[PDB]
Amino acid sequence: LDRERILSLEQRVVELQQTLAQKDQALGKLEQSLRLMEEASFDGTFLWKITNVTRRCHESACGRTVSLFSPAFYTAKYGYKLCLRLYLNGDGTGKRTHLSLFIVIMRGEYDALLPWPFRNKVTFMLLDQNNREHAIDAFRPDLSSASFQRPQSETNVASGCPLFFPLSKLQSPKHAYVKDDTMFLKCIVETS
Amino acid sequence: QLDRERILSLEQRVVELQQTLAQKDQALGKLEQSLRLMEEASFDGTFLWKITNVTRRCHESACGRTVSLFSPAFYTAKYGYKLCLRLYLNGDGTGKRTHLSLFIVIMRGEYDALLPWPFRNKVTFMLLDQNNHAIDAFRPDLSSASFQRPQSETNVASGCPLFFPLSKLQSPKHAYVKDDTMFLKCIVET
Amino acid sequence: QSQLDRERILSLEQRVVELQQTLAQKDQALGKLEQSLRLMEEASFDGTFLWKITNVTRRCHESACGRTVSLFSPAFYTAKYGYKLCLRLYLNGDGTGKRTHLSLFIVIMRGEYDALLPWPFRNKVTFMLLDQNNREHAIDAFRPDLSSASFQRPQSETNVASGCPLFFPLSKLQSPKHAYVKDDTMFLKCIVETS
Amino acid sequence: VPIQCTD
Amino acid sequence: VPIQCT
Amino acid sequence: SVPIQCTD
């Protein structure tokens, strides 16, 4: 009856491999959660550090990478939940020509107490590592757009600047918009 | 003989891996819980408590096993007082079967050796109305052991046992429980 | 089958080895995650940091014995996107302060946004040993030396610790007017000029 | 008047 | 100038 | 108020 014991051992070992794999996945998700809390901002000002810019630009130039989603940041501890969507390859009218930087209104745990629709002024900023002349855009949310209503789902459709920054100017050395495969975006949401 | 001995050794190793992996699973649970609590904490004396499944928790207070509910800890400042809330949905003491009870809880802080005692910071409670609002407030009783420097992990909970009538919570005109969710707001003055 | 049973036993042994190795590795990863959560819980982002040192007698004896030469505080920050800092504490003492004083140094660390911050570091740094009786705190302060490589943009994860040795004589720890060590604990407070 | 909980 | 993401 | 480096 050694065959029975060996088959039972085979069963328990395959089970241990499966369960162990699931635990490894859950651990990875926990680490990602910790990274998300580490980079969360609660004053409406969020600074996004994009590393491996050239590699991610090659990924965006192909079909594997569409866009990047920034860590969630908040206007206040109990304020609006926001994140950013970045197209290094472009999007819509800016596809293959510009950086596309959109803002995403997400479902907050406390948004049942928040005023709607979202009206706060939004400012995008591609940072020059040098002293000055970094690119700055700003917009008022289109209150008639469904992208700023209270989220009935997890996230609303992103809205922002598809022609945010010309990809051509990124290569130029006059401004240090990319240094060591790392560029910094900055979102500033007005307190309201 | 010896091959069967190898089988037995493999059985023991497998059992050891099972129990060890279970312990690691428990550790993962503790870490995820600590992560959630760290996420929930505030450090400015103001705390917004979101209670979900209000109906099931109400049945879990009138007849369910949980006597009360404890909020995640929060702080008056990064190195201030450690505090939390104790909530009796079916009420406590006089408030039970009529009102919902809400008490502040001074918890043992890592920096209590540097904090003034007894804790005298004015405390404010609020029940929030989305449609828009219940509110109470009190100066801490400095003659009570609830506000002395904690000798245990927490002191005796103290606050308002008649904070809000149970009948007004069920009432339709106000939206205190919207989608089976209510919001209690604590503001500790600094 | 005799051959099938031997093959299955051997391959099962290999599988058990693989499981033990991977389980150990993921356990180490879990420990690292725990320490990281503790670190981000201890961190502050306003330029001030309150370092609580527990079991001061035991740790001091470890420093005198040499088991733990110095201690490092959790990393704190001047702002959410400011300078990453920490503290280095010599209970026995370092250099001139060795065996006679508490030596307290600040450490400029490689923050994730050092490219956007001006260099060298020039924010005034204030060290305090807190008297738990609120009679008299031990206060020192300095402006960063710009010509020192300790206050430049970090090349590695950490610069050479720079601060004040002789920050506090060990004789004054057990002071008659007031004891800075109370219940075998003491509190160090660093205040960096955030402006 | 803050009132203690029955704990 | 918000533009719906496409 | 002048820093003194550590022994490293």
# chains A, B, ... in the order shown; residues from 1 in each chain; ligands from 1

call {"tool": "residues_around", "arguments": {"residues": "residue 5 (chain E)", "least_positions_apart": "4", "cutoff": "7 Å", "atoms": "only C-alpha atoms", "output": "list in words"}}
result
residues 157, 158 and 159 of chain A

call {"tool": "interface_residues", "arguments": {"of": "chain C", "to": "chain A", "cutoff": "8 Å", "atoms": "only C-alpha atoms", "output": "mmCIF file with C-alpha atoms, in the first residue's frame"}}
result
data_model
loop_
_atom_site.group_PDB
_atom_site.id
_atom_site.type_symbol
_atom_site.label_atom_id
_atom_site.label_comp_id
_atom_site.auth_asym_id
_atom_site.auth_seq_id
_atom_site.Cartn_x
_atom_site.Cartn_y
_atom_site.Cartn_z
ATOM 1 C CA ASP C 5 7.360 4.356 -6.591
ATOM 2 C CA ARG C 8 7.716 9.400 -7.222
ATOM 3 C CA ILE C 9 9.488 9.266 -3.844
ATOM 4 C CA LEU C 12 8.526 14.259 -3.958
ATOM 5 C CA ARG C 15 9.405 19.093 -4.291
ATOM 6 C CA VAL C 16 9.619 19.247 -0.488
ATOM 7 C CA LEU C 19 8.768 24.187 -0.841
ATOM 8 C CA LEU C 23 8.601 29.215 2.176
ATOM 9 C CA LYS C 26 8.757 34.450 1.561
ATOM 10 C CA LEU C 30 7.236 39.082 5.325
ATOM 11 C CA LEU C 33 7.349 44.109 5.208
ATOM 12 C CA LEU C 37 5.362 49.189 8.200
ATOM 13 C CA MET C 40 6.545 54.317 8.082
ATOM 14 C CA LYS C 80 6.318 65.163 2.396
ATOM 15 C CA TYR C 81 8.752 65.720 -0.496
ATOM 16 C CA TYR C 113 13.271 63.580 -4.489
ATOM 17 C CA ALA C 115 16.968 65.998 -7.513
ATOM 18 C CA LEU C 116 14.379 68.718 -6.799
#

call {"tool": "closest_residue", "arguments": {"among": "B:115, B:172, B:189, B:163", "to": "residue 133 (chain C)", "atoms": "only C-alpha atoms"}}
result
B:115

call {"tool": "residues_around", "arguments": {"residues": "region 3-8 of chain F", "least_positions_apart": "2", "cutoff": "9 Å", "atoms": "only C-alpha atoms", "output": "ChimeraX atom specification"}}
result
/C:94-95,103,105,142-145,148,150,160-165 /F:1

call {"tool": "write_last_selection", "arguments": {"atoms": "N, CA, C and O atoms", "output": "mmCIF file, in the first residue's frame"}}
result
data_model
loop_
_atom_site.group_PDB
_atom_site.id
_atom_site.type_symbol
_atom_site.label_atom_id
_atom_site.label_comp_id
_atom_site.auth_asym_id
_atom_site.auth_seq_id
_atom_site.Cartn_x
_atom_site.Cartn_y
_atom_site.Cartn_z
ATOM 1 N N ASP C 94 31.191 58.972 20.775
ATOM 2 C CA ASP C 94 31.994 58.858 19.569
ATOM 3 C C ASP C 94 33.094 59.909 19.580
ATOM 4 O O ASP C 94 32.843 61.081 19.875
ATOM 5 N N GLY C 95 34.307 59.480 19.267
ATOM 6 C CA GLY C 95 35.416 60.411 19.132
ATOM 7 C C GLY C 95 35.755 61.086 20.444
ATOM 8 O O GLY C 95 36.069 60.431 21.443
ATOM 9 N N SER C 103 26.769 61.079 22.243
ATOM 10 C CA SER C 103 27.132 61.694 20.969
ATOM 11 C C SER C 103 25.956 61.569 20.008
ATOM 12 O O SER C 103 25.519 60.456 19.704
ATOM 13 N N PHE C 105 24.280 62.584 16.327
ATOM 14 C CA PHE C 105 24.547 63.051 14.976
ATOM 15 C C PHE C 105 23.285 62.950 14.132
ATOM 16 O O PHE C 105 22.429 62.092 14.366
ATOM 17 N N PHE C 142 22.858 73.528 15.596
ATOM 18 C CA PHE C 142 23.926 73.886 14.679
ATOM 19 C C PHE C 142 23.353 74.200 13.305
ATOM 20 O O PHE C 142 22.279 73.717 12.932
ATOM 21 N N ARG C 143 24.086 75.025 12.564
ATOM 22 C CA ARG C 143 23.902 75.256 11.138
ATOM 23 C C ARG C 143 24.775 74.277 10.364
ATOM 24 O O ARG C 143 25.945 74.095 10.721
ATOM 25 N N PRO C 144 24.256 73.620 9.329
ATOM 26 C CA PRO C 144 25.058 72.613 8.624
ATOM 27 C C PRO C 144 26.295 73.220 7.979
ATOM 28 O O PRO C 144 26.244 74.296 7.377
ATOM 29 N N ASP C 145 27.415 72.514 8.115
ATOM 30 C CA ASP C 145 28.665 72.923 7.484
ATOM 31 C C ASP C 145 28.580 72.617 5.994
ATOM 32 O O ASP C 145 28.531 71.449 5.593
ATOM 33 N N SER C 148 31.316 70.407 4.184
ATOM 34 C CA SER C 148 31.415 68.999 4.545
ATOM 35 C C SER C 148 30.584 68.150 3.591
ATOM 36 O O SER C 148 29.485 68.539 3.186
ATOM 37 N N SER C 150 29.084 65.533 4.328
ATOM 38 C CA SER C 150 27.950 64.945 5.025
ATOM 39 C C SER C 150 26.643 65.653 4.705
ATOM 40 O O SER C 150 25.573 65.059 4.876
ATOM 41 N N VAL C 160 27.927 60.344 5.620
ATOM 42 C CA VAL C 160 28.593 60.163 6.902
ATOM 43 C C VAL C 160 27.870 60.994 7.952
ATOM 44 O O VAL C 160 27.619 62.189 7.753
ATOM 45 N N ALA C 161 27.513 60.358 9.068
ATOM 46 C CA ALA C 161 26.756 61.037 10.111
ATOM 47 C C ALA C 161 27.515 62.255 10.619
ATOM 48 O O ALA C 161 28.713 62.181 10.908
ATOM 49 N N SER C 162 26.814 63.383 10.720
ATOM 50 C CA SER C 162 27.409 64.632 11.174
ATOM 51 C C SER C 162 26.495 65.272 12.203
ATOM 52 O O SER C 162 25.293 65.419 11.965
ATOM 53 N N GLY C 163 27.065 65.650 13.341
ATOM 54 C CA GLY C 163 26.289 66.272 14.391
ATOM 55 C C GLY C 163 27.165 66.805 15.501
ATOM 56 O O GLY C 163 28.222 67.387 15.241
ATOM 57 N N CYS C 164 26.737 66.618 16.740
ATOM 58 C CA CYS C 164 27.538 67.020 17.891
ATOM 59 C C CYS C 164 27.863 65.812 18.754
ATOM 60 O O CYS C 164 26.958 65.247 19.402
ATOM 61 N N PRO C 165 29.111 65.356 18.764
ATOM 62 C CA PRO C 165 29.601 64.587 19.907
ATOM 63 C C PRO C 165 29.701 65.510 21.109
ATOM 64 O O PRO C 165 29.604 66.734 20.992
ATOM 65 N N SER F 1 27.915 75.798 17.210
ATOM 66 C CA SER F 1 26.915 75.532 16.182
ATOM 67 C C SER F 1 27.569 75.127 14.861
ATOM 68 O O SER F 1 27.077 75.473 13.786
#

call {"tool": "residues_around", "arguments": {"residues": "region 43-49 of chain B", "least_positions_apart": "3", "cutoff": "10 Å", "atoms": "only C-alpha atoms", "output": "ChimeraX atom specification"}}
result
/A:77-78,110 /B:40,52,70-85,121,123-128,182-190

call {"tool": "residues_around", "arguments": {"residues": "residue 6 (chain D)", "least_positions_apart": "5", "cutoff": "9 Å", "atoms": "only C-alpha atoms", "output": "ChimeraX atom specification"}}
result
/B:92-93,156-157

call {"tool": "residues_around", "arguments": {"residues": "residue 131 (chain C)", "least_positions_apart": "5", "cutoff": "9 Å", "atoms": "only C-alpha atoms", "output": "list in words"}}
result
residues 114 of chain B; 136, 137, 138, 178, 179, 180, 181, 182, 186 and 187 of chain C
